[PDB]
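Heavy atoms only: backbone and side chains are in, while hydrogens, waters and symmetry mates are out. Both ligands and their constituent atoms are indexed starting at 1 by order of listing. Naming: A, B, ... by sequence-line order, numbering from 1 per chain.
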Amino acid sequence: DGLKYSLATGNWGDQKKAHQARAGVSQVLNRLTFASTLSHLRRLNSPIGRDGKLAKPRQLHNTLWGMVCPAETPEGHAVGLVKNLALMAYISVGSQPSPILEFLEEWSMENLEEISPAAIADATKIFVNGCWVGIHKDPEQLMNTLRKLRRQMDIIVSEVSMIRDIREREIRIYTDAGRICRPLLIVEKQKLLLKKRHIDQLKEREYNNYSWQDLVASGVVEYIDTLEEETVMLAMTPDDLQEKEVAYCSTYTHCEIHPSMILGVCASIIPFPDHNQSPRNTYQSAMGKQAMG
Amino acid sequence: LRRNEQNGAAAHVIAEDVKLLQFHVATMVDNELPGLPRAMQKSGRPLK
Amino acid sequence: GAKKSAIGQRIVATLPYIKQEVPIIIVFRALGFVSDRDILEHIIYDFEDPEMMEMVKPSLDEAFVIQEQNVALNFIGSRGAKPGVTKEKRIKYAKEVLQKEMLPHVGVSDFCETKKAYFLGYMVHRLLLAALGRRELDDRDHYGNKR
Amino acid sequence: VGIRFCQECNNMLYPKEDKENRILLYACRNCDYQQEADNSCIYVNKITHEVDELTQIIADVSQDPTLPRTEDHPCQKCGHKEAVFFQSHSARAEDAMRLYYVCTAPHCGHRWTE
Amino acid sequence: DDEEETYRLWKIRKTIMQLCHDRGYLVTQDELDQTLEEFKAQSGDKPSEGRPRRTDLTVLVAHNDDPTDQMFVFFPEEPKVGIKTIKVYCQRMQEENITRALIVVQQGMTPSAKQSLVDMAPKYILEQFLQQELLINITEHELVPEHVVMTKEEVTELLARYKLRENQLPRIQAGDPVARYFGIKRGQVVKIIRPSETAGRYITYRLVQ
Amino acid sequence: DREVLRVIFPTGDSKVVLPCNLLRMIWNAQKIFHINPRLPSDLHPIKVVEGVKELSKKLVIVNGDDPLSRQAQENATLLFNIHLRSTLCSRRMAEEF
Amino acid sequence: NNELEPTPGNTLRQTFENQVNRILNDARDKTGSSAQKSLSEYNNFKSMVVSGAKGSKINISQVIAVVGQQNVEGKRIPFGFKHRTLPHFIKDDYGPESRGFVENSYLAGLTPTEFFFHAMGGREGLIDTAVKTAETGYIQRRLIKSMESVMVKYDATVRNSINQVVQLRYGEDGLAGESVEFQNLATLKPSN
Amino acid sequence: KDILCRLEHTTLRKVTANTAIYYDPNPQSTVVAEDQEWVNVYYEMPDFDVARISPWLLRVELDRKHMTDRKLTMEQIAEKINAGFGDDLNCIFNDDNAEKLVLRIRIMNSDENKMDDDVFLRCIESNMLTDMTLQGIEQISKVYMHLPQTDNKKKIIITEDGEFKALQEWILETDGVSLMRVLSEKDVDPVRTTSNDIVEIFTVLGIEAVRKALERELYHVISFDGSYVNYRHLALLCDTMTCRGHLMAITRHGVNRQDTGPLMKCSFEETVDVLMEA
DNA sequence: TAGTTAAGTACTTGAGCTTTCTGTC
RNA sequence: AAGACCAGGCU
DNA sequence: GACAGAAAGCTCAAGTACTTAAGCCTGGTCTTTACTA
Ligand SMILES: [Zn+2]
Ligand SMILES: [Zn+2]
């Protein structure tokens with residue numbers, strides 16, 4: 001009855017403590033249209049109170065790029081507080097940081113009990129799920145080996161995010177659940193790692209048991225979350241930004257699959273959305289859930 | 001309280017009943033009194 | 001105030017299940033680090049920077065009156081949920097609070113006090129870096145800061 | 001000037017005035033260790049904060065692929081062409097746009113400002 | 001120092017002569033208009049250990065209707081005024097048989113001395129004025145319109161014409177700076193004449209309460 | 001009246017909100033009565049002044065015979081009377097209208 | 001190269017932003033003027049704007065020429081990432097493209113970054129529309145409750161419910177506000 | 001510009017480059033290199049080295065750019081410090097010839113003749129930097145100077161021909177308001193100087209001035225958008241707000257301090273409490 | 001079957017400084 | 001019956 | 001009788017309790033009583 005009540009009424013907590021219980025979860029699924037059903041199944045809610053007149057948490061933040069649809073929000077008191085997921089966005093399910101710590105102990109790291117606190121200034125700190133585990137003195141090779149192992153899927157799951165903040169000398173590793181991430185193509189030097197044989201095999205995908213998981217396992221595509229993007233140099237398209245010009249940049253490390261993947265389910269049905277005004281795109285994203293079919 | 005006053009039981013129980021009656025009488029007029037436990041219906045719902 | 005102008009900025013901690021603010025040095029001494037060199041060695045990772053010393057100095061002076069670990073534990077217990085009748089009861093309650101409700105992700109077994117000291121020292125160091133302007137304040141709407 | 005510690009209990013030295021010899025000394029109030037001060041300064045305060053940030057910036061920032069880099073400005077000691085450049089981070093100065101340069105090659109950690 | 005203090009005293013005296021002229025007291029045109037150099041020559045330039053002490057500056061002016069009423073303006077030498085000093089001023093006031101006087105305080109007055117001013121009210125009426133308040137004539141500001149104190153006969157005619165009881169009029173409090181400037185008491189009615197961009201002119205009446 | 005206007009309106013803003021549009025009204029009269037500007041007029045200049053003076057008495061905002069009522073009436077209608085006299089000037093009537 | 005001199009009363013950042021905004025606004029205005037001059041007499045956009053039925057000269061400029069700079073909270077697009085706006089740009093890039101200047105027009109279509117910056121720009125307008133209403137309504141209600149009893153009596157005086165006099169004549173001239181029009185004094189301005 | 005510098009608040013901290021506390025046990029045998037010269041010039045025929053003089057030295061440096069921007073004088077600074085604190089500091093200061101602009105401060109001579117000496121010198125530094133108030137009027141953060149292009153801030157006068165001529169004159173706009181002392185100031189125009197604060201205008205000029213100033217503020221905030229609202233509504237609002245003789249805010253407090261019927265008040269913002277009091 | 005969040009104003013309270021009367025010289 | 005939550009629409 | 005100290009007093013800054021929080025409209029679903037005795 002506890003599971004049944006909390007899933008039926010929507011109040012999330014004890015029924016006797018319903019005053020302290022959070023509400024609004026587990027709404028009735030919308031069946032007006034298939035697009036409405038999909039948008040309802042892919043939706044995010046900010047717990048910030050709807051009554052708050054503070055504008056800041058409602059504004060479209062830069063870090064929503066590729067993760068949350070910029071066009072699709074409800075109109076009213078909930079503007080910017082209810083957000084829909086991008087098409088290629090994936091939410092991490094979480095994993096235990098048991099193998100990562102063991103590999104770090106194998107990779108010459110110093111435990112938190114054995115540091116001489118005089119040598120802690122030059123070395124780089126290492127964080128795992130927020131917990132400071134130890135220090136390391138060669139961040140470059142460590143970060144290279146970690147990225148190689150993640151790309152080979154060997155002992156680091158592709159859902160694990162690794163971040164090196166050079167100026168603050170910190171290295172952060174998250175295996176935590178709830179992190180939002182999206183796939184990107186790896187760029188080595190000025191060239192994509194995606195080549196014509198991969199495309200041939202994917203075009204012959206039927207009766208070849210070769211799929212997106214085999215594409216991931218080859219080290220061609222990589223999952224990247226929000227705060228790892230801070231250390232990423234992204235190219236909008238390969239044929240345009242990888243080729244030599246009067247150069248803006250040469251250290252590109254990743255490339256988007258396609259720029260249209262930043263839109264949500266309801267905003268992906270709009271023809272020519274870049275030729276319209278953004279309020280009109282938002283209005284269409286809201287009205288598409290009410291279109292009959 | 002009328003019964004306990006007719007019995008004359010113990011001055012402590014009379015005072016406790018007086019406090020309880022004060023709470024209920026005040027809470028019938030005002031249930032939004034801060035610093036005090038707001039009255040509850042058997043549902044766990046607060047009174048109007 | 002005369003005191004406030006002389007001291008400057010003091011660092012205080014709001015521990016769970018504890019009534020009011022507690023100075024950082026008192027918490028560090030309660031963790032088992034009596035000596036000021038060890039406390040500053042956990043707070044400040046490089047002794048050649050005088051601005052960090054100038055920022056930290058008033059906090060040391062505020063908590064000079066407590067020098068013993070048991071005295072610091074009694075000081076913390078006096079501000080617990082309820083004042084314990086006996087001093088050792090307050091000491092035990094404060095020790096339990098500092099083992100369980102203080103930084104549970106760092107550890108729970110009684111060996112982990114050293115790691116708790118490092119993590120608290122890192123927190124204070126990050127606060128000092130923000131106060132010196134050497135780091136940018138964290139953005140609450142940064143979508144990587146969210147789960 | 002900066003902190004120093006008593007050599008027996010490793011606690012803070014703080015300054016006192018000797019009244020007879022009329023000299024300053026450092027005494028740790030947890031003990032009787034008295035040590036004559038060699039710096040005649042106990043407290044300094046750089047109100048205008050005109051300290052150049054070259055000491056705050058590290059040479060490891062050269063490995064950041066998202067920083068810009070130009071061939072125009074050469075390094076002084078080695079003359080490697082490549083040098084990543086970036087802006088100040090001091091919040092409180094009479095200027096806010098000057099570029100800090102770090103030499104890009106693996107062993108030359110040379111940092112300079114134009 | 002002393003040139004600026006001379007300038008302040010000249011400003012205060014000019015504002016006090018304008019005050020007295022506006023209250024209906026006999027003030028000659030030369031006293032209304034005194035150049036800084038003329039005032040300097042009259043009162044002997046620098047004040048500090050100099051000729052214009054604060055006590056050198058007191059003003060006696062006579063009312064136009066009756067020369068018996070008169071009025072004194074005092075300039076206490078102390079930064080703060082006390083009950084003793086106010087009692088000395090009241091003793092001089094009784095000796096000279098005058099009924100109305102002012103006090104120009106350099107910084108402020110103790111509440112015990114403020115209560116002493118009002119305690120005297122049926123006998124002798126004393127009004128406190130801060131030094132800064134008299135450093136400029138607020139009546140000459142563009143925002144302040146013209147204020148005219150009405151007589152009792154005019155107030156009666158006003159109330160008979162509009163058939164109004166006294167409390168039905170707009171009000172002005174006695175602590176209003178303009179009410180302090182004109183020395184207006186509770187129960188009196190002021191007439192305000194201000195220009196309007198719809199009519200051209202408009203007259204408003206404020207009761208003093 | 002010009003001196004009064006210059007006192008009332010510093011900065012010289014001549015745009016004023018008033019009840020009845022005298023220029024439109026004069027233009028209506030010209031077209032209603034088929035007035036030829038090319039020909040001499042038969043309107044005696046005394047009657048312009050006298051009609052303006054008599055009309056100004058018939059525009060009453062404050063009713064009363066007391067001096068207070070007269071002053072209130074004058075203050076209420078000062079701006080409109082100034083505008084009316086400016087527009088119904090005898091020279092202006094003889095030249096333009 | 002530190003050759004820019006700071007304007008009086010302004011920070012170096014403030015004057016740098018002012019100069020860049022001046023340049024971009026001048027560019028957007030010139031392009032709009034050229035686009036408006038290029039319009040034919042048969043153009044339906046011009047036929048709608050000139051008559052004042054709907055649309056405007058800035059709408060024509062944004063449709064044909066340049067959408068223009070996008071602003072958030074009255075400022076140019078901020079740095080949500082560490083020292084850059086998007087992961088596509090390099091750190092410390094204050095150029096027009098990096099900070100939200102939309103070079104293309106609606107007819108030509110926007111690039112992906114300009115599209116995201118325009119979405120950020122429209123979100124601010126949507127938020128302001130959603131937020132301002134409560135405060136405006138609360139002000140309106142408080143004004144009405146404060147003034148509800150003020151009324152013109154048969155004395156032509158304006159009095160509240162307590163018969164206290166607020167104005168001796170309504171509007172200080174006693175006239176209703178619907179029959180009045182704008183006029184010129186014709187005696188105020190002339191030379192003597 | 002002279003009036004701008006005379007109107008703006010300036011603390012000693014803005015013109016001070018850096019501060020250091022030294023220990024110099026004897027006047028003449030100084031630990032700094034350059035101070036020896038003027039030290040001997042002042043102490044060869046010593047000014048008040050008559051009682052004992054304290055081992056602890058306070059030493060402030062002054063940036064020449066900020067010192068000369070505000071037309072300050074080191075003699076002025078020494079006079080202001082000495083007058084503000086009394087004789088409890090002895091001030092030693094350099095001539096302007098010295099490239100390193102130094103003001104050598106020691107605690108009272110009559111104290112070396114409660115707080116510990118160096119700690120007291122730190123507390124003095126922390127007091128001077130925030131409180132010394134070298135120039136101008138406090139609560140005045142910044143003052144801006146510009147030539148207005150709008151006719152509503154331009155001085156318009158009547159020429160000898162009776163025409164209206166608009167003049168361009170420098171005007172100042174401050175951040176922070178202290179109206180009374182600014183109206184007192186030399187060469188400031190008392191007739192036309194105004195602020196945007198309503199309570200500040202009230203407590204200075206009275207109720208009719210607030211009537212007019214509030215009318216102007218409301219007109220500005222309504223007509224800034226380009227819209228037009230008839231004068232009568234603005235006049236009625238101002239008259240209702242200023243009718244009772246004091247500033248009646250249009251809130252529950254201001255509306256319910258009117259002596260109206262309780263049934264009118266219960267219908268606005270305090271329903272049960274109004275009736276309870278009645 | 002019975003019970004069982006963020007703003008803003010008004011009011012209170014505690015720190016700092018006046019008069020007057022009462023005692024002692 | 002009534003109460004509660006939620007979603008959407010028009011400004 | 002003249003000084004000083006101790007008095008009641010008084011005023012003036014911090015801290016605390018309390019208030020409001022756009023208008024209209026359409027639906028849907030869920031639940032009042034489950035737990036001790
Ligand atoms: Zn020691
Ligand atoms: Zn180099």
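In summary, the aromatic rings of D/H73 and D/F85 are positioned with their centroids too far apart to meet the 6.0 Å limit. No close placement of the C/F64 and D/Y14 rings is indicated, their centers lying 6.0 Å or farther apart.
Ion pairing between a basic and an acidic side chain is recognised when a charged N comes within 4.0 Å of a carboxylate O; C/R135 and A/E170 show such pairing.
Vertex the Zn ion (ligand 1), arms ending at SG of D/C28 and SG of D/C31: the angle is 100° after rounding to 10 degrees.
Looking at G/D92, its side chain does come within 3.5 Å of a backbone N or O of D/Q87 through a donor-acceptor pair. Between the side chain of D/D72 and the backbone N or O of D/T70 there is no donor-acceptor pair closer than 3.5 Å.
Scanning all heavy atoms of the two residues, the minimum distance from G/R84 to A/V232 falls at NH2-O, 2.7 Å.
With a cut-off of 2.8 Å, the protein N/O/S atoms near the Zn ion (ligand 2) add up to 4.
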